[PDB]
Amino acid sequence: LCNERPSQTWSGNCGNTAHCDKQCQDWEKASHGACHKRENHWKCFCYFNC
């Protein structure tokens with residue numbers, strides 16, 4: 001189940017979603033990551049146990 005968890009590692013705003021996708025998998029221990037806008041802030045969300 002791909003639990004879309006907010007930016008742990010990543011800071012404020014996101015753009016390099018390719019980086020985000022690693023900065024979740026490698027750093028933390030998610031399946032992957034992806035950038036999304038929430039409250040006008042692009043967060044790198046991580047996606048675990050997918």
# chains A, B, ... in the order shown; residues from 1 in each chain; ligands from 1
$ select_by_dssp --residues "chain A" --states "strand (DSSP E or B)" --output "JSON, numbers by chain"
{"A": [3, 4, 5, 32, 33, 34, 35, 36, 37, 38, 41, 42, 43, 44, 45, 46, 47, 48]}
$ select_by_dssp --residues "chain A" --states "alpha helix (DSSP H)" --output "ChimeraX atom specification"
/A:17-25
$ atom_distance --atom1 "CA of residue 2 in chain A" --atom2 "CA of residue 26 in chain A"
16.4 Å
$ closest_residue --among "A:39, A:5, A:12, A:47" --to "residue 25 in chain A" --atoms "only C-alpha atoms"
A:47
$ closest_residue --among "A:50, A:6, A:11, A:24" --to "residue 38 in chain A" --atoms "only C-alpha atoms"
A:6
$ atom_distance --atom1 "CA of residue 29 in chain A" --atom2 "CA of residue 15 in chain A"
20.5 Å
$ residues_around --residues "residue 44 in chain A" --least-positions-apart "5" --cutoff "10 Å" --atoms "only C-alpha atoms" --output "PyMOL selection string"
chain A and resi 4-21+23-24+33-37
$ decode --residues "range 14-33 of chain A" --atoms "N, CA, C and O atoms" --output "JSON list (two decimals), in the first residue's frame"
[["chain", "number", "residue", "atom", "x", "y", "z"],
["A", 14, "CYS", "N", 9.70, 21.75, -3.49],
["A", 14, "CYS", "CA", 10.18, 20.63, -4.29],
["A", 14, "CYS", "C", 10.03, 20.99, -5.76],
["A", 14, "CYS", "O", 9.16, 21.77, -6.13],
["A", 15, "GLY", "N", 10.90, 20.42, -6.61],
["A", 15, "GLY", "CA", 10.87, 20.65, -8.05],
["A", 15, "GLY", "C", 11.56, 19.48, -8.74],
["A", 15, "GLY", "O", 10.99, 18.83, -9.62],
["A", 16, "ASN", "N", 12.76, 19.16, -8.28],
["A", 16, "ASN", "CA", 13.52, 18.01, -8.76],
["A", 16, "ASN", "C", 12.91, 16.72, -8.21],
["A", 16, "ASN", "O", 13.44, 16.09, -7.30],
["A", 17, "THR", "N", 11.77, 16.33, -8.79],
["A", 17, "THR", "CA", 11.03, 15.15, -8.36],
["A", 17, "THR", "C", 11.86, 13.88, -8.56],
["A", 17, "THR", "O", 11.70, 12.91, -7.81],
["A", 18, "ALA", "N", 12.76, 13.87, -9.55],
["A", 18, "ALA", "CA", 13.71, 12.78, -9.71],
["A", 18, "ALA", "C", 14.57, 12.65, -8.45],
["A", 18, "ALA", "O", 14.75, 11.56, -7.91],
["A", 19, "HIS", "N", 15.09, 13.78, -7.93],
["A", 19, "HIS", "CA", 15.82, 13.74, -6.68],
["A", 19, "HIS", "C", 14.89, 13.29, -5.55],
["A", 19, "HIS", "O", 15.24, 12.36, -4.84],
["A", 20, "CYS", "N", 13.73, 13.94, -5.41],
["A", 20, "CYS", "CA", 12.73, 13.59, -4.39],
["A", 20, "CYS", "C", 12.53, 12.08, -4.31],
["A", 20, "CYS", "O", 12.55, 11.49, -3.23],
["A", 21, "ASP", "N", 12.39, 11.46, -5.48],
["A", 21, "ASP", "CA", 12.08, 10.06, -5.60],
["A", 21, "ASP", "C", 13.20, 9.21, -4.99],
["A", 21, "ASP", "O", 12.93, 8.14, -4.45],
["A", 22, "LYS", "N", 14.45, 9.70, -5.05],
["A", 22, "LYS", "CA", 15.57, 9.03, -4.40],
["A", 22, "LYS", "C", 15.69, 9.44, -2.94],
["A", 22, "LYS", "O", 16.04, 8.63, -2.09],
["A", 23, "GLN", "N", 15.42, 10.71, -2.63],
["A", 23, "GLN", "CA", 15.58, 11.34, -1.32],
["A", 23, "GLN", "C", 14.41, 10.95, -0.39],
["A", 23, "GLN", "O", 13.82, 11.76, 0.31],
["A", 24, "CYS", "N", 14.11, 9.65, -0.37],
["A", 24, "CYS", "CA", 12.97, 8.99, 0.23],
["A", 24, "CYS", "C", 13.30, 7.50, 0.26],
["A", 24, "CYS", "O", 13.19, 6.83, 1.29],
["A", 25, "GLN", "N", 13.76, 7.00, -0.89],
["A", 25, "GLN", "CA", 14.18, 5.63, -1.10],
["A", 25, "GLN", "C", 15.55, 5.37, -0.45],
["A", 25, "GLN", "O", 15.73, 4.38, 0.24],
["A", 26, "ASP", "N", 16.52, 6.25, -0.70],
["A", 26, "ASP", "CA", 17.90, 6.04, -0.28],
["A", 26, "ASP", "C", 18.10, 6.53, 1.15],
["A", 26, "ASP", "O", 18.66, 5.82, 1.98],
["A", 27, "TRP", "N", 17.65, 7.76, 1.41],
["A", 27, "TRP", "CA", 17.93, 8.47, 2.65],
["A", 27, "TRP", "C", 17.08, 7.86, 3.76],
["A", 27, "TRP", "O", 17.59, 7.19, 4.66],
["A", 28, "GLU", "N", 15.76, 8.02, 3.63],
["A", 28, "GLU", "CA", 14.77, 7.30, 4.41],
["A", 28, "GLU", "C", 14.77, 5.88, 3.83],
["A", 28, "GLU", "O", 15.82, 5.39, 3.44],
["A", 29, "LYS", "N", 13.64, 5.19, 3.71],
["A", 29, "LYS", "CA", 13.58, 3.80, 3.32],
["A", 29, "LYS", "C", 12.15, 3.56, 2.84],
["A", 29, "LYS", "O", 11.45, 2.65, 3.27],
["A", 30, "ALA", "N", 11.74, 4.44, 1.92],
["A", 30, "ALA", "CA", 10.47, 4.36, 1.21],
["A", 30, "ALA", "C", 10.63, 3.49, -0.04],
["A", 30, "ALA", "O", 11.75, 3.16, -0.44],
["A", 31, "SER", "N", 9.53, 3.16, -0.71],
["A", 31, "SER", "CA", 9.56, 2.58, -2.02],
["A", 31, "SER", "C", 10.09, 3.62, -3.01],
["A", 31, "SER", "O", 11.01, 3.34, -3.79],
["A", 32, "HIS", "N", 9.54, 4.83, -2.97],
["A", 32, "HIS", "CA", 10.02, 5.95, -3.78],
["A", 32, "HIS", "C", 9.52, 7.27, -3.19],
["A", 32, "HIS", "O", 9.02, 7.29, -2.07],
["A", 33, "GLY", "N", 9.60, 8.35, -3.98],
["A", 33, "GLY", "CA", 9.06, 9.66, -3.66],
["A", 33, "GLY", "C", 8.56, 10.38, -4.91],
["A", 33, "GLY", "O", 8.78, 9.90, -6.02]]
